[PDB]
Amino acid sequence: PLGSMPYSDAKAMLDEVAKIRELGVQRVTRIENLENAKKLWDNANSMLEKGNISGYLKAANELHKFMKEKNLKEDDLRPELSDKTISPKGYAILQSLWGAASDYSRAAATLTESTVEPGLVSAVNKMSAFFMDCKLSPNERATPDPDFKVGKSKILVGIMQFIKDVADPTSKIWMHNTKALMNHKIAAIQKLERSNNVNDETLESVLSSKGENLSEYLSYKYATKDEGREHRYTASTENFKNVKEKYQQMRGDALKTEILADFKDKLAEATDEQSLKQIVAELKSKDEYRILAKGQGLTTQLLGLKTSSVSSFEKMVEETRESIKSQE
């Protein structure tokens, strides 16, 4: 065999061989990982091709997350993609997204809050470009289809759609739960699409907003955080034993605002038909729900009229079903 090779030399040649083995296993997982990332990139190009904004968006994120987890740069994966191509139809979208993202980014920076929201819209724009730089060589320029053109509105919804699905259920913009607020702006934009009333002016307006008007952020005309309106049957906390802490020194009107708001939030965690059906069921079955459904004035109660709070809580559900039945 190696017969006669000294003890020392056996050790040395045993170490120098260790080195090559690492260099080998490396060259393998590198080839392994790149081949993998090459797939993730295609998934995203697929979505992008068949116009699914809210999807190419999520797909591109998968790629990015992997890439970043395996210390890989666009330059690493580009050589492997010399086989594929991005349709001029895809670059068309890609550019429209960059625009939308870029503007929504600038508008989101309001005097109220101008850190998280703008910061997130960028998070997206930045990592969208990532998917594109994994293909487009740094010296080349994008070749879009001047003919093709998507609706700024359809793209915006998509971005918000995405930000909502990836933000944390504790992620907050200004005083609101990001999830809730993104869901609120999606509905707001859609309403404009339905009334063919989408222009630079109405849009910059929704994008610029942080729902600083409870009155209109919850659709509960009497929303407030103080005294409010009178009664004869103010909404009190007791009488029920299943009302979590917070709702205590909460008196009537202001209390319905509070519950209403928390519902809006919990309700924004729905990802589908069944998911929502439950969150609503699980909500109706609470005791703070009955605090909403209980009147506050003789008239409204000696008739059993659907209160305003419930009136509103039913709308919030509707806009959510809608904000879901479009994701499809």
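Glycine gets a Cβ as well: all are built from the backbone with ideal geometry, and neighbour counts include every protein chain shown. Basis: the model, the stated rules and, where named, an outside source; nothing here is a laboratory result.
A few points about this structure:
- Test: residue in region 2-25 that is under 15 Å from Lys135 (Cα atoms) and aliphatic (A, V, I, L, M): no
- Hey, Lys246 touching a residue at least 12 places away in the same chain (Cβ under 8 Å), touching a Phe, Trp or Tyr at 6+ places or on another chain (Cβ under 7 Å) and part of a loop (DSSP other than H, G, I, E, B) or not: no
- Members of region 249-280 that are surrounded by 14 or more Cβ atoms within 10 Å (Cβ to Cβ) and not in a helix (DSSP H, G or I): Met250, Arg251, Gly252, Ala270
- Count of region 99-140 residues, restricted to those that are over 15 Å from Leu181 (Cα atoms), touching a residue at least 40 places away in the same chain (Cβ under 8 Å) and not in a helix (DSSP H, G or I), is 4.
- Candidates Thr170, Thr234, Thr224, filtered to the one that is out of contact with any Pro (no Cβ under 9 Å at 6 or more places or on another chain), in the same structural domain as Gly55 (by CATH) and β-branched (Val, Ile, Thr): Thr170
- Any hit, region 315-327, residues being buried (at least 16 other Cβ atoms within 10 Å of the Cβ) and without any contact (Cβ under 8 Å) to a residue 40 or more places away in the chain: no
- When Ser209, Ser153, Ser219, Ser215 are checked against the criterion of being at positive phi and hydroxyl-bearing (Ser, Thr, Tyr), a single residue qualifies: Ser219.
Conditions tested, residue by residue: (1) surrounded by fewer than 17 Cβ atoms within 10 Å (Cβ to Cβ); (2) not in a loop (DSSP other than H, G, I, E, B).
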| position | (1), (2) |
| --- | --- |
| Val17 | yes, yes |
| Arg27 | yes, yes |
| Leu57 | no, yes |
| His64 | no, yes |
| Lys84 | yes, no |
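- Matching option when the condition is assigned by CATH to the domain that holds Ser105, more than 19 Å from the chain's Cα centre (by Cα) and either part of a helix (DSSP H, G or I) or closer than 26 Å to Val317 by Cβ (or both), among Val198, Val206: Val198
- Enumeration of residues in region 85-122 that are over 30 Å from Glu212 (Cα atoms), of a type in the set (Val, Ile, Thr) and more than 20 Å from the chain's Cα centre (by Cα): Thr85, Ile86
- Yes/no for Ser114 being polar (S, T, N, Q) and surrounded by 19 or more Cβ atoms within 10 Å (Cβ to Cβ): no
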